[PDB]
Amino acid sequence: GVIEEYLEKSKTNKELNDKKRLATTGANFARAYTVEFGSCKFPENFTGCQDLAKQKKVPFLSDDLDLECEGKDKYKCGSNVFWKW
Amino acid sequence: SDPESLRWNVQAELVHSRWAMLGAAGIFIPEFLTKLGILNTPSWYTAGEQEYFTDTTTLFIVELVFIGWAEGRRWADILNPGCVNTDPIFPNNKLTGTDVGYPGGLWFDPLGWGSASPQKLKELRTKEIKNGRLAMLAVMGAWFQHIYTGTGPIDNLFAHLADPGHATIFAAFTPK
Amino acid sequence: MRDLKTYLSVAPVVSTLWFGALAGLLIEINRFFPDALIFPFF
Amino acid sequence: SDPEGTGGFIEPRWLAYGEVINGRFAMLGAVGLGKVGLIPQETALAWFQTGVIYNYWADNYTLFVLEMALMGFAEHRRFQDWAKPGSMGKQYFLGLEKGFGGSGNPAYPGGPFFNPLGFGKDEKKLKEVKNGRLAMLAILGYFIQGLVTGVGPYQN
Amino acid sequence: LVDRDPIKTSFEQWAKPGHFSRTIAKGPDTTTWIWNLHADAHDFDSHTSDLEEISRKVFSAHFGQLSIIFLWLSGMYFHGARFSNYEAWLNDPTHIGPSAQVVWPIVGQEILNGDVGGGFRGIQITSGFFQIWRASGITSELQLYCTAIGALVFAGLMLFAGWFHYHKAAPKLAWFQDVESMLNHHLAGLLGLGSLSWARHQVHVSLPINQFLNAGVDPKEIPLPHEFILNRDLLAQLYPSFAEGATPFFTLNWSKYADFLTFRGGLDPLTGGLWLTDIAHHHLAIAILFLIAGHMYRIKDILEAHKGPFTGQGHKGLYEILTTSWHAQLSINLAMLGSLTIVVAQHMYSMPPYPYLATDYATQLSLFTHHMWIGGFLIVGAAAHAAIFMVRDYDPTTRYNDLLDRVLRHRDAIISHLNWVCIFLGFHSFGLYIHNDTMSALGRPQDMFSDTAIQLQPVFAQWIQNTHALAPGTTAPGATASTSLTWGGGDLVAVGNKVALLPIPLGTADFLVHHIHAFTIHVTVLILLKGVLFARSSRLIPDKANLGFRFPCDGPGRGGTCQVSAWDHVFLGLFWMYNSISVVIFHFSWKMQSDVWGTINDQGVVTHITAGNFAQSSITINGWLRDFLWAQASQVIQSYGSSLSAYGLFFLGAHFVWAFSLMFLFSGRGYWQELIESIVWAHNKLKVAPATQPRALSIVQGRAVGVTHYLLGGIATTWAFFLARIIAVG
Ligand code: CLA
Ligand code: CLA
Ligand SMILES: CC1=C(/C=C/C(C)=C/C=C/C(C)=C/C=C/C=C(C)/C=C/C=C(C)/C=C/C2=C(C)CCCC2(C)C)C(C)(C)CCC1
Ligand SMILES: CC1=C(/C=C/C(C)=C/C=C\C(C)=C\C=C\C=C(C)/C=C/C=C(C)/C=C/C2=C(C)CCCC2(C)C)C(C)(C)CCC1
Ligand SMILES: CCCCCCCCCCCCO[C@H]1O[C@H](CO)[C@@H](O[C@H]2O[C@H](CO)[C@@H](O)[C@H](O)[C@H]2O)[C@H](O)[C@H]1O
Ligand SMILES: CCCCCCCCCCCCO[C@H]1O[C@H](CO)[C@@H](O[C@H]2O[C@H](CO)[C@@H](O)[C@H](O)[C@H]2O)[C@H](O)[C@H]1O
Ligand SMILES: CC1=C(C/C=C(\C)CCC[C@H](C)CCC[C@@H](C)CCCC(C)C)C(=O)c2ccccc2C1=O
């Protein structure tokens, strides 16, 4: 090579940039950075609204946790009275 | 039950190893002191100012002359006197063998006690780093491949490919 | 480690690291000059 | 000396009952988390439906293995080192009082077992402390694939 | 010996001059010994009197080979992946003309490498992976590059089990010389648990991934790579999740099904392999047997039992030995292994087992002649090693008085017959042809032997072939056509460029080749049979077993006293077999192309590579160079400047190497001595020779350098002659 000014006039820069909000990754899962979601206190289908659904419910999913095992239900086969249909 | 190496050029193999590793010494400190670039910054012009370049290869011949003489003359005498013919001491020639190389010629000889020695006192300094340097260099030279390969850009060549996620370098650090 | 008046041995066919190779470096002169049939000189 | 691994008729299972303790507390995390699992993109996809309601939020980084090799070192060191005869713990390069051992070469609750005096209470052979934890090991083994799926518990 | 015995040198011996038979290599110098020792590197007279190890060595040598195949064929499977041809061909098969292999361009090289392909320059291949291969469904080049390293895994390990024997301190007698299980295991669960295991990865995965390939796609438009478990929706097509059966059995109902299977008979149209679906069932129905079968048993028991009046007492304790001969339990094997390879060579060409073969002509006849020379190169062997038994292996006599001791009892007898057998043949088995010449060159066809002239009249048709397809009168159920398509009854219809497979009806001019085979198979065997039988003592020599199965020849007396021995019966027996196989090959392709290999054309008018020239014209044994050698071979001597060219360019060498053999075969021995000195003289004048006494070839070495060359000469000649008349038209 040969050199004219100054290796750089202004050095090295954006090649890793990230700095403030050096984000991507943490965040993204910005929905995640926080998880804050639903309710506080309870009844029922958080699951929003966004996010969505109640789908199967109390134990299911949620799982997730749901939470707290109720006096249920009690998943086990048997009930669900298997509602198809 | 195990190979027998012991191999016998050998003791030579270890002194070959010093050459490689002490030489390996020049690299690390200087490049890395590196100017901790650098305060800033580095320009060559100066000789090579515009003389149609300086070295290219011609630089390599001078490098070698200066050396040839040295690497050459050399082992030629690390040692070795007696220097002929028929039957074995084994070093492998062994000629120096009994005669040191000289009875009565000169002071070939260095120092007290019909001997070569600087003498007893020191392994000390230089068996542990200089050989520890046998080690050092190898990992740090093993470090050099690590430091360039992957060529960020310029050249994939022949791809079955299948990188990127991201580039490779040295500045230092590591990410992660 | 080898000085003056013959040295150490070698196996049955190190000729197979002498046919292969040395000789091998010669294709290496038969593509540098990919051709012959007379030859310029130096 | 070019290398030694003495084996007599049962070398194996001296380990084995050994591969078994380790293996066994790895039935373990089964005993007491449980899925890498696989080939890691999810990024979209579980076996074949896995999941649903990809694994996990999943931190983990394979750096292990870089870990498996690295701790490997400890394993094979404890074993040579005690070949032994011991300098080993240097203590304080100078001077004077070094009461402290902490006790033992360990095995068990007092480096020397210790606090000898005890219970009024709680009041009312050591391959068995092995045997039953394969009977905890090979158990999740089939419980990975523990399904009949198309049908389910015939029993029931 | 003593560099230094026992207890106290680890230190290896390299050096001080080294070893064999006790006036061991002299000290003082010679050449022959450098030829000794590659030869008869193992014989096992020497190393130890006592079998001791050797069985402890032959397990290790075996390991080496298994690795090696593995080193091989990783190589092959490589090559096959990353010089692909294959991805390209498979969308594309029946267009493609396939290579694994490419040169680099240095000097001439590269005439060789001529467009094969899905658009690349190649050397065209005739062993088919690409057909073993069709089976993998999943596809893509980098895997085969896993199957490849999976190969190099098995190797290093299935090659450190050979460290993990002999060299490692290692095993003792009982372990082989108590047999009692060994086939128990082998046939049960590998013979079984492979074919079994092969079933499981032969409908799981392969069947489906060519069930909907036999249409097209660009693969993976079809197949995900793992895709194939708990899952399966896909089995649903190709059939049910058994829906409600239980573990087979019956209280099962089909109103419409029966599990995958459903037997095929005949060939696929648009992939005429034969159904990819009898392929599971058949392997499944194998293994079971083996699965049940390898469950005998522990021995003399069965062998010691039945005796007869002719029949043999010997039959009993028909060999305490057998457990420890070895050389015998290899000789038996080779006859079978060997004779059980060239039974491949038929069931292959008259019942392809891989997708795209037949249409692929050249990539399954190469086969049928490679597999063909092993079911022969391994049989003459299967005699040699019996001769090696018959002379030596047991210390002492105690085999005694049996079945063998019986067979020998007659011996100028079993071989007394067999002889006339051959001259009856030969006269009815070759001069038969010579009639034709002498009388068609005299020229009066009225009286030849032509399929038309001497009367059978125009049917071949009924023997077996016609009962064989026609098959379901039967307790037979099954499958629209044949076991083999070729058999007489049935079908026009097989394949898409081209003909693959059709009746082949023979007549005469299949009649008499079929008979030259007899006479060729028979006089081969005469020489080996009489060779291995008269192994140890003969009416010409009694003192006959005394060094050797090898010795050159006993000595100028008794008249001749030369050939004798049985290295040499296994020297003149190769000499024949080279024909045995060399003319069976000559048979198949002249048929398979004169009839069968084909083309289809509108309205299916078949166009055989040669409109059946065979007809009236193989019967003449000149027609065999009019119609063969001078007809085809015109492609060998035209082949210059091309791509294959390496064949035409071999076909001169090796058609040279052969015509170098005779020099080694036809010559004296103290001759090249008498010469080797004139040489040795000129040598000494300049001071340039004596050390390592240069010596001529070891009577029988000279024969070793006959034969071996006569074969790798006379053989690759056709390996060239062939690949040069199926590549390019045909
Ligand atoms: C990414 C991965 C994750 C996964 C899957 C693993 C997996 C593994 N790690 Mg590990 N590890 C991780 C993250 C992970 N690690 C992290 C983030 C660290 C840093 C702290 C470690 C540090 C670590 C060490 C030091 C070791 C392992 C070891 C292991 C292996 C031990 C097997 C076992 O069951 O031991 C545990 C099961 C037992 C039955 C042993 C019981 C002993 C217990 C009672 C001691 C620890 C519990 C203790 C009372 C808790 C007090 C708190 C204390 C941690 C401060 C296993 C394969 C070990 C190994 O395999 O070395 C060869 C050991 O080396 N890991
Ligand atoms: C499963 C069996 C197999 C096994 C394990 C053996 C094992 C043995 N055989 Mg044997 N043999 C076999 C099959 C087998 N044979 C077959 C099929 C035949 C029929 C051809 C023979 C015919 C035979 C004879 C005649 C003899 C043996 C002998 C032996 C013993 C000597 C081995 C030796 O020194 O290597 C010998 C190998 C060499 C010296 C290597 C030279 C190979 C040359 C000819 C090259 C072949 C051509 C090829 C194209 C060249 C490579 C390409 C090149 C152009 C680049 C040994 C116990 C010998 C004995 O004395 O018994 C104790 C006796 O010589 N065998
Ligand atoms: C214990 C156990 C087990 C076992 C497993 C295993 C280990 C198996 C296997 C499997 C197997 C074990 C298989 C095998 C197979 C085999 C085969 C399949 C064979 C083959 C071969 C080949 C392919 C060859 C060929 C050829 C010929 C023809 C001759 C010569 C030439 C060649 C080589 C080409 C089980 C599962 C129960 C599970 C549980 C546990
Ligand atoms: C001058 C000179 C020379 C000469 C050369 C020449 C002249 C040659 C030749 C040659 C010829 C003239 C011939 C040869 C041939 C060879 C061969 C031929 C080899 C081999 C082989 C192979 C590899 C085979 C294989 C196979 C198989 C697999 C089996 C059977 C079939 C076949 C055969 C195919 C040289 C350079 C050398 C040296 C120097 C001097
Ligand atoms: C322990 C301290 C390290 C040693 C260095 C301190 C100085 C002590 C002398 C050793 C110095 C080496 O150099 C010196 O060694 C000898 C000590 O025997 C000196 O003195 C001696 O030399 C001969 C042995 O070599 C003797 O026979 C002589 O009577 C005496 O002159 C030498 O003139 C000098 O070559
Ligand atoms: C080579 C010497 C001939 C001696 C054997 C002749 C006896 C049998 C007759 C011809 C044998 C060839 O069999 C062939 O018949 C027909 C040619 O006319 C072709 O007939 C085919 O083509 C047409 C397309 O729909 C239809 O007429 C048929 O349904 C179909 O089978 C077929 O491709 C093949 O089945
Ligand atoms: C021609 C012929 C010879 C003469 C053949 C000889 C002498 C061949 C041996 C020649 C060797 C192979 C030459 C070896 C020399 C080179 C290997 C040494 C230099 C090494 C290189 C690098 C070239 C016999 O000895 C013979 C014996 C019995 C029956 C028939 C015949 C027979 O027909």
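To match Swiss-Prot, the residue numbers of chain D are left as they are there, and the shown ones run 84-115, 122-142, 148-218, 224-255.
Header entry for method reads X-ray crystallography, 3.3 Å.
Cβ atoms are placed via backbone N, Cα and C, with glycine included.
What Swiss-Prot records for D:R107, D:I142 is chlorophyll b 2 binding site, and it gives similarity to another entry as the kind of evidence. Classification of D:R107 (chlorophyll b 2 binding site) by DSSP places it within a helix.
Classification of D:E169 (chlorophyll b 3 binding site) by DSSP places it within a helix. Sequence annotations record features per position, and here Swiss-Prot assigns chlorophyll b 3 binding site to D:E169.
Positions annotated as chlorophyll b 4 binding site by Swiss-Prot: D:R172. Around D:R172 (chlorophyll b 4 binding site), no same-chain residue six or more apart in sequence has its CB under 8 Å from its CB.
Around the Cβ of D:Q244 (chlorophyll a 5 binding site), the number of neighbouring Cβ atoms within 10 Å comes to 9. If you look up Swiss-Prot, you'll see D:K226, D:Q244 marked as chlorophyll a 5 binding site.
What Swiss-Prot records for D:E227 is chlorophyll a 3 binding site. The DSSP secondary structure for D:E227 (chlorophyll a 3 binding site) is helix.
For D:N230 (chlorophyll a 4 binding site), the count of additional Cβ atoms within 10 Å of its Cβ stands at 13 [all protein chains shown]. Per Swiss-Prot, the feature chlorophyll a 4 binding site maps to D:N230; the stated evidence is similarity to another entry.
Annotated transmembrane segment per Swiss-Prot: D:233-253, in sequence order, evidence recorded as sequence analysis.
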Compare the C-alpha of D:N230 (chlorophyll a 4 binding site) with the C-alpha of each of the binding-site residues D:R107, D:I142, D:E169, D:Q244, and give the closest one.
D:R107
C-alpha of D:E169 (chlorophyll b 3 binding site) to C-alpha of D:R107 (chlorophyll b 2 binding site): distance in Å?
17
Taking only the Cα atoms, work out how far D:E227 (chlorophyll a 3 binding site) lies from D:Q244 (chlorophyll a 5 binding site), in Å, as a whole number.
27
How many Å lie between the Cα of D:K226 (chlorophyll a 5 binding site) and the Cα of D:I142 (chlorophyll b 2 binding site)?
41
Within 10 Å of each Cβ, count the other Cβ atoms, then let me know which of the binding-site residues D:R107, D:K226 comes out lowest.
D:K226
Can you count the other CB atoms that lie within 10 A of the CB of D:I142 (chlorophyll b 2 binding site)?
9
Which binding-site residues among D:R107, D:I142, D:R172, D:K226, D:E227 have a Cβ sitting under 8 Å from any chain A Cβ?
D:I142
Neighbour count, 10 Å Cβ-Cβ cut-off, for D:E227 (chlorophyll a 3 binding site): what number do you get?
8
